[PDB]
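Let me begin by presenting the structure, written as structure tokens, before commenting on it.
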Amino acid sequence: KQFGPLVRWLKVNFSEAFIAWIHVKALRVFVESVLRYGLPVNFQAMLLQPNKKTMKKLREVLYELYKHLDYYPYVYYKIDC
Amino acid sequence: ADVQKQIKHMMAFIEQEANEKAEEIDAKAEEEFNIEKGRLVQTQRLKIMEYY
Amino acid sequence: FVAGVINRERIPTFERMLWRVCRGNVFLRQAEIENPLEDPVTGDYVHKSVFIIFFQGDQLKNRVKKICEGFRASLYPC
Amino acid sequence: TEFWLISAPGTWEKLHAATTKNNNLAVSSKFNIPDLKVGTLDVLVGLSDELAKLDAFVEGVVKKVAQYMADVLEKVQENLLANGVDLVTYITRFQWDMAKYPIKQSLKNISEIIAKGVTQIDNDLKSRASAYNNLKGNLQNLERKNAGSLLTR
Numbered sequence: 274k275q276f277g278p279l280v281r282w283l284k285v286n287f288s289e290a291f292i293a294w295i296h297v298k299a300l301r302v303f304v305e306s307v308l309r310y311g312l313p314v315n316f317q318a319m320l321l322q323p324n325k326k327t328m329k330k331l332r333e334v335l336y337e338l339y340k341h342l343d366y367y368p369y370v371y372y373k374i375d376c
Numbered sequence: 006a007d008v009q010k011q012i013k014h015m016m017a018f019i020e021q022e023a024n025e026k027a028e029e030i031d032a033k034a035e036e037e038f039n040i041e042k043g044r045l046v047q048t049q050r051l052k053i054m055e056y057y
Numbered sequence: 170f171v172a173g174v175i176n177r178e179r180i181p182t183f184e185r186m187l188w189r190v191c192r193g194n195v196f197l198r199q200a201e202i203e204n205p206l207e208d209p210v211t212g213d214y215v216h217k218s219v220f221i222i223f224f225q226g227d228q229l230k231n232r233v234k235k236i237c238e239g240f241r242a243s244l245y246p247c
Numbered sequence: 002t003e004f005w006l007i008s009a010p011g018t019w020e021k022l023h024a025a026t027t028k029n030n031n032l033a034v035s036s037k038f039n040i041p042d043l044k045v046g047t048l049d050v051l052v053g054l055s056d057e058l059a060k061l062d063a064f065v066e067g068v069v070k071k072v073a074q075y076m077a078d079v080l081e086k087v088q089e090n091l092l093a094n095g096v097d098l099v100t101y102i103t104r105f106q107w108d109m110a111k112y113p114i115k116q117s118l119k120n121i122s123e124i125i126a127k128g129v130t131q132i133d134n135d136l137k138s139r140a141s142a143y144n145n146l147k148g149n150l151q152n153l154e155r156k157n158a159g160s161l162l163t164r
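Residue numbers (PDB author numbering), protein chains in the order written: chain L, 274 to 343, 366 to 376; chain B, 6 to 57; chain F, 170 to 247; chain H, 2 to 11, 18 to 81, 86 to 164.
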């Protein structure tokens, strides 16, 4: 009897927790990008997508674009589950 | 070169700090105005009702 | 506002860290003092440099005082 | 699987499409974020430490929910998010604007509402799963009392 209730309670909780944690990292990306990059009114907010076993080249590709622009020389927040 | 960018980032910030505290007194100048007016009305009502 | 003194050998890594953790910015003034002075045990006969920490914000004062002690800077009230 | 999350401010959003030309690295979706209420520089710096504190607590409490899911029927990744997988949700999510009001203060008010809301589910599910684990352990003792020699069973 308690297994059916706890699985419904976990599905109510864990789906709301991941949506809140994604909203928490979005506020964390909203902050510290207004200070690193300038704020005339707002910053140019874009995002990215995960990568498998090629992130050593992705870090090399991102640092080449960011060293001329400007721990990283840009804004970054890891979110791995 | 990048130092001249960070100058106008801060000058955008300090001017923004002057703006937002001006709006919170802009709201305060009308939030107290409609409640101070009814306060003197009620006491002048209580003065004019006793002499009535 | 903070005014203070730091040696010449630690000033380029100081502003690299000062740009890093403050990260809005503080408009740093770089100016080297003349012929070497000496605080008694640290440091013995070194020519230092002044700096200027205005920043106008009065919140980043906590975030710079840790850096001023971490790089062992000597600060005086102006 | 990991998840990478990089903003590049400085059109410039077409330089985001120039990063889509790097197809051998990632797809690099957009994930539009609405304009939040700003206006503080002192409180924004202080909120950066609080957002760092709230991020580690909320993800860490969520990791215990996955461990408590193995206590139910013992692997399977069925964590659907708004009738969607976690990759498909995060590619096209946004701020809900009603669960966290954009008109309210994003530094204090919208952050603590997400904080007290998550901590309400964190404390309640920690206590509720302890009751279901208490009945599961005693039923194993009911199987342990029906085991062994006849002098002890």
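In this text, a Cβ means the ideal position worked out from N, Cα and C, and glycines have one as well.
request  = Give the single residue among H:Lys119, H:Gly11 and H:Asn30 whose Cα lies nearest to the Cα of L:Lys330.
outcome  = H:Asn30
query = Could you check where the alpha helix (DSSP H) with F:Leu244 kicks off and where it finishes?
reply = Segment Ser243 to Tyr245 is the beta strand (DSSP E) holding F:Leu244; no alpha helix (DSSP H) there.
key: H:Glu123 to F:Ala242 span [Cα, whole Å]   = 38 Å
key: Among F:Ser218, F:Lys230 and F:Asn231, the one whose alpha carbon lies nearest that of F:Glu178   = F:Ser218
ask   = According to the neighbour-count rule (16 or more other Cβ atoms, all chains shown, within 10 Å of its Cβ), is H:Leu6 buried or exposed?
value = Buried: at least 16 other Cβ atoms inside 10 Å.
query = Mind checking B:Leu51: buried by the 16 CB within 10 Å criterion, or exposed?
reply = With fewer than 16 other Cβ atoms within 10 Å, it is exposed.
For F:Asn176, the three-state DSSP class (helix, strand or coil) = strand
message = Please confirm whether F:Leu187 has its beta-carbon closer than 8 Å to some beta-carbon of chain H.
response = no
ask   = Going by the CB atoms, is the gap between F:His216 and F:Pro209 shorter than 8 Å?
value = no
request  = Measure how close the beta-carbons of H:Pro10 and L:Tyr366 come, nearest whole angstrom, since I'm counting them as under 8 Å.
outcome  = Contact between H:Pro10 and L:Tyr366 is absent: CB atoms are separated by about 18 Å, not below the 8 Å threshold.
ask   = Of the choices L:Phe291, L:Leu283, L:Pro278 and L:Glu337, whose alpha-carbon is the least far from that of H:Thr100?
value = L:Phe291
inquiry  = Let me make sure I understand the geometry here. Which of H:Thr26, H:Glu3 and H:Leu48 has the alpha-carbon closest to that of B:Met15?
reply    = H:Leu48
task = Would you check if the distance between the CB atom of F:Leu197 and the CB atom of F:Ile236 is smaller than 8 Å?
result = no
message = Which residues does DSSP list as the beta-bridge partners of F:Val219?
response = F:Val174 and F:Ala200
query = Are F:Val195 and F:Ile222 closer than 8 Å when you measure CB to CB?
reply = yes
request  = Can you have a look at H:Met76 and say buried or exposed, based on whether 16 or more other CB atoms are within 10 angstroms of its CB?
outcome  = buried
message = Excluding the 5 residues flanking L:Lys284 on each side, which residues of the same chain have their C-beta closer than 6 Å to its C-beta?
response = none
request  = Please report the Cβ distance between H:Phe4 and H:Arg104, rounded to the nearest whole angstrom; I am assuming they are in contact, meaning their Cβ atoms lie under 8 Å.
outcome  = Not confirmed; about 12 Å, so no contact.
ask   = Do you know offhand how far H:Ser8's Cα is from H:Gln106's?
value = 17 Å
key: Presumed contact (8 Å Cβ cut-off) between H:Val79 and L:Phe276, rounded CB distance   = 5 Å
CB of H:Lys28 within 8 Å of CB of H:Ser117, strictly = no
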